[PDB]
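1. pasting the first bit of my complex, frame unchanged:
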Amino acid sequence: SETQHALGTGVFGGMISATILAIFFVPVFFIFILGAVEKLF
Amino acid sequence: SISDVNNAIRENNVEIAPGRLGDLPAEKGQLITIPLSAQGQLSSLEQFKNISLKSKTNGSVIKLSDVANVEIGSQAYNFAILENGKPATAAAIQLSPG
Amino acid sequence: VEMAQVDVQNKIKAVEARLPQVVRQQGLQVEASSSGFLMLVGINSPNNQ
């Protein structure tokens, strides 16, 4: 169970972190990234 | 004869082999085992000078210095070096091809 | 150079037995060297000690 735990727990947690928190963040990045490129040009 | 001198040199400087007290197979109840060595070689000029030879004509005991001169010289006397008209030693370095 | 040296060693390995006993005891040395001298490095005694 040691190897399985080591391989699994990190990916398990990182998956919830990438799902619950990204759905709200990546749109926020898209917003104001095009704003930054407008500011440059 | 010179064969006698060579033989005496070989016998006096013999390089005795090492051993181990308590080596297997060992007697029952043996608790201590220890290596043992002996120095059968000569490590001084005077020791070689004092190597004993037996005279054939009379049987008397003589020493190596009696029929020879023992010194510390060089293995070979083939080459010499002169750096600017002065004695010295030197070696040459050859680079590997390529 | 290395390939030639190893080939020479392999080729001479066969002839080792046929040589006199003294030469076999002394051994055969195979090397790759330049024709001359890259440098000379020497030791001198200025005070003749």
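-> Perfect, thanks for sending it. Residues are numbered from 1 along each chain as shown, chains lettered A, B, ... in the order given.

2. Report the central residue of chain C.
-> Among the residues of chain C, the one closest to the centroid is residue C:29, at 4.4 Å (C-alpha atoms, centre = their mean).

3. What helix or strand is that residue located in?
-> Element membership for residue C:29 (DSSP states H and E) is empty, with no helix or strand holding it.

4. In chain C, which residue sits nearest chain B?
-> The nearest approach of chain C to chain B comes at residue C:42, 3.5 Å away (C-beta to the nearest C-beta). Every residue, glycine included, has its C-beta placed from N, CA and C.

5. excluding its backbone neighbours, what's nearest that residue?
-> residue B:90 (3.5 Å; C-beta to C-beta, 6 or more residues apart in numbering or on different chains).

6. Any idea how many residues pack against that neighbour?
-> Residues lying near residue B:90 (other C-beta atoms under 10 Å in any protein chain shown) number 14.

7. Name the SS class of it, please.
-> strand (DSSP: H, G, I helix; E, B strand; the rest coil).

8. okay but it is in contact with residue C:39, surely?
-> No. Assessed by C-beta atoms under 8 Å, residue B:90 is found out of contact with residue C:39, at 10.2 Å.

9. Next, the contact list for the residue of chain A found nearest chain B, please.
-> Nearest residue of chain A to chain B: residue A:2, at 43.9 Å (C-beta to the nearest C-beta). Not one residue lies near residue A:2 by C-beta atoms under 8 Å, 6 or more residues apart in numbering or on different chains.

10. rewinding a little: how near is the residue nearest to the centre of chain C to residue B:94?
-> Relative to residue B:94, residue C:29 is positioned 14 Å away (C-beta to C-beta, to the nearest Å).

11. then chain D, please:
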Amino acid sequence: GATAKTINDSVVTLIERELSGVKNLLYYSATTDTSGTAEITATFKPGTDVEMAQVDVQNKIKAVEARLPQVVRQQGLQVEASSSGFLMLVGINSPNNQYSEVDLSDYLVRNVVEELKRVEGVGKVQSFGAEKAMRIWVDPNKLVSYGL
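-> To build on what is shown above, here is chain D added in:
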């Protein structure tokens, strides 16, 4: 039959000097004990081909073979590729105590060891027993008594 220091001074250093220069060599080490045998190991980078490494090591050792003492040269240098651990242990035992340990070791060495080495995948077989031999245990007091 020589002390570890003798072999270390005479043999190990000369071998390692040339051995140090092999391709894809992660490192190397040497060990000398009272048994009279010295073992020099060379550990190569992971993923390197074992066959190429062994032939390279053989080339480099034959490069430095000449300078070693005469007796060790007569005995010869053994170069081999092996793992660091035992895959398995094969044993012979007498349930009824009919055969002694020496007989078991002799049977192991004479027959089973060679057959096991014949099997594919068996890199090395290390035997912890010795074949039979004739042994003459001499009493020094009796020898000197007769002047021999």
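
12. Identify the residue nearest the residue nearest to the centre of chain C in space, chain neighbours excluded?
-> With C-beta to C-beta, 6+ apart as the criterion, residue C:29 has its nearest non-adjacent residue at 6.2 Å, and that residue is residue D:66.

13. if I look at residue B:61, how far off is residue B:2?
-> Residue B:61 is 19 Å from residue B:2, by C-beta to C-beta.

14. quick one: the strand or helix carrying residue A:6 to chain centroid distance?
-> Using DSSP H and E, the element containing residue A:6 is helix A:2-20. How far helix A:2-20 lies from its chain's middle: 14 Å, per C-alpha atoms, centre = their mean, to the nearest Å.

15. try stretch B:55-67
-> With C-alpha atoms, centre = their mean, you get 21 Å for stretch B:55-67.

16. Up against chain D, what does chain B have?
-> Contact residues, chain B versus chain D (C-beta under 8 Å from any C-beta of the partner chain): B:17-18, B:20, B:35, B:37.

17. can you redo those as TSV with neighbour count?
-> Output for those, formatted as TSV (neighbours: other C-beta atoms under 10 Å in any protein chain shown):
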residue	neighbour count
B:17	10
B:18	14
B:20	13
B:35	13
B:37	11
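
18. Please produce TSV containing the residues you listed, extended by distance to residue A:9.
-> Listed next are the residues of chain B next to chain D as TSV, based on distance: C-beta to C-beta, whole Å:
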residue	distance to residue A:9
B:17	64
B:18	60
B:20	57
B:35	56
B:37	61
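
19. what's the closest of the residues you listed to chain C?
-> Once C-beta to the nearest C-beta is applied, the member of these that ends up nearest chain C is residue B:17, at 21.7 Å.

20. next one is chain E, place it on the structure:
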Amino acid sequence: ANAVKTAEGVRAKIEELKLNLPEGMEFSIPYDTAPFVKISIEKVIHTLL
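-> Chain E, in position alongside the others:
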């Protein structure tokens, strides 16, 4: 090399040599790591399912 195949070959050779073994002699394999090479794999495959 493969531990499992080598162990299987060694066991087959031992079985072959048992027939010629003298009476009062017995073979054994007290220590072997090949058997553990399989069960672990099973677990992983089982987990996969």
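
21. again for the neighbour count of residue B:90, chain E present now?
-> 14.

22. Tell me the helix or strand right after the helix holding residue A:6.
-> helix A:22-40.

23. Show me what that next one is packed up against.
-> Under the contact criterion of 3 or more C-beta pairs under 8 Å, 6 or more residues apart in numbering or on different chains; DSSP states H and E, helix A:22-40 touches no helix or strand at all.

24. Spatially, what comes nearest to residue B:86 if we skip its sequence neighbours?
-> residue C:44 (6.8 Å).

25. Next, the buried residues of stretch B:50-64.
-> B:51, B:53, B:64 (16 or more other C-beta atoms under 10 Å in any protein chain shown).

26. Now do the same contact list for the first one.
-> With contacts defined as C-beta under 8 Å, 6+ apart, the neighbours of residue B:51 are B:8-9, B:12, B:42, B:63-64.

27. re earlier: between the buried residues of stretch B:50-64, which is closest to residue B:31?
-> Residue B:31 has its nearest neighbour among those in residue B:51, at 42.2 Å by C-beta to C-beta.

28. And the closest one, how close does it get to residue B:75?
-> Residue B:51 is 20 Å from residue B:75, by C-beta to C-beta.

29. quick one: contacts for the residue in chain C positioned nearest to chain D?
-> Among the residues of chain C, residue C:27 lies closest to chain D, at 3.4 Å counting by C-beta to the nearest C-beta. Applying C-beta under 8 Å, 6+ apart, we find residue C:27 in contact with D:65-67.

30. got it, and residue B:13?
-> Taking C-beta under 8 Å, 6+ apart, one finds B:40-42 in contact with residue B:13.
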